[PDB]
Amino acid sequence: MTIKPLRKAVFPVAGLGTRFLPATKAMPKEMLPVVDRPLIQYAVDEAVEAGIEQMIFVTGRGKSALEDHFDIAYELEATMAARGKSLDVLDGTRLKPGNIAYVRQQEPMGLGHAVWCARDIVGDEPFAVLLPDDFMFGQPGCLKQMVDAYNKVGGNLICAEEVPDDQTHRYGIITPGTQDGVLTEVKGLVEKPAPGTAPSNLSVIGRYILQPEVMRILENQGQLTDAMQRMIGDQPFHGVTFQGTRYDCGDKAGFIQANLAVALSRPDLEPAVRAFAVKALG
């Protein structure tokens, strides 16, 4: 009757990313690069830093690239070796065998259904959920900051962020309680409220740490927000504000902004990129 550690994270990667066509008509959206790494790469790096040791990808149909990316690139590594090029550039692209599991979603039925797909791999253990479109820039990574708070309050946690009024109908909204620094009690939550019925402004961001009871609730109704809801009254539920900036690579403008931000932070790229940005701006 103990409580297990969270050595697990679930990555919903079965979307058709229709917003980025034509680029995504044959390329997984999750594979779009922020400078030189694909969105999922950042996401799993984040998880590793947070101490997670079992990544479980719930995929779709045309996404083999996601699978190959985290395996040995046999010919590539051979080619590089034949050129004295170091494989350090691939550090972190491959985990221990078994640490990355895949399960097909089969039918595109949303986030809750997706998480539900991992039910048997998670078991009676708390688990994390990361939506790669939410590029979280900062140190430590969002998940690590979150796990840090988990270690002290336990229960369920989600990344929270103040959003403009005309933006509230696009996210799940939190009904805030007591604030204790970075944490803030969630007294309620509604998935995309109507534009006049927003309980507040702090929305839910694609970073979660949930207790196994949430899986159970999903199996039973067998969606997510409504499932976390059912667990306000009996388990610690807090919103965590990220010490860094988040870029919504879900929309083209964010994607570009993220690329720029990261490039400006790179020793070898900022000089050239800065110089160019400057002129190009008038």
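Numbers follow the displayed sequence, beginning with 1.
Quick one: classify how much of the deposited chain lacks coordinates between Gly222 and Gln223, choosing none, 1 to 3, 4 to 9, or 10 or more.
The entry leaves 4 to 9 residues without coordinates here.
Which is higher on mean Cα B factor in this entry, 120-128 or 190-198?
If you average the C-alpha B-factors of 190-198 and of 120-128, the larger mean comes out for 190-198.
Would you mind comparing 106-114 and 70-78 for me and telling me which has the higher average C-alpha temperature factor in the entry?
The stretch with the larger mean CA B-factor is 106-114.
Among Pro28, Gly239, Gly254, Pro33, which residue carries the highest C-alpha B-factor recorded in the PDB entry?
The C-alpha B-factor peaks, among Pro28, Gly239, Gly254, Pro33, at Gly239.
Select one of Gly154, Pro212, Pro140, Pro176: the residue whose C-alpha shows the highest B-factor in the crystal structure entry.
Top of the list by C-alpha B-factor: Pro176.
Is the Cα B-factor recorded for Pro12 in the lowest, middle or highest third of its chain?
For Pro12, the deposited C-alpha B-factor lands in the lowest third.
Where does the C-alpha B-factor of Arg207 rank in its chain, lowest, middle or highest third?
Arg207: CA B-factor falls in the lowest third of its chain.
Report the third (lowest, middle or highest) to which the CA temperature factor of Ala23 belongs, ranking only the modelled residues of the same chain.
Lowest third of the chain for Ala23's C-alpha B-factor.
Using only modelled residues of the chain, where does the Cα B factor of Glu161 rank: lowest third, middle third or highest third?
According to the entry, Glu161 has a C-alpha B-factor in the chain's middle third.
According to the PDB entry, is the CA B factor of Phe135 in the bottom, middle or top third of its chain, that is, lowest, middle or highest?
Lowest third.
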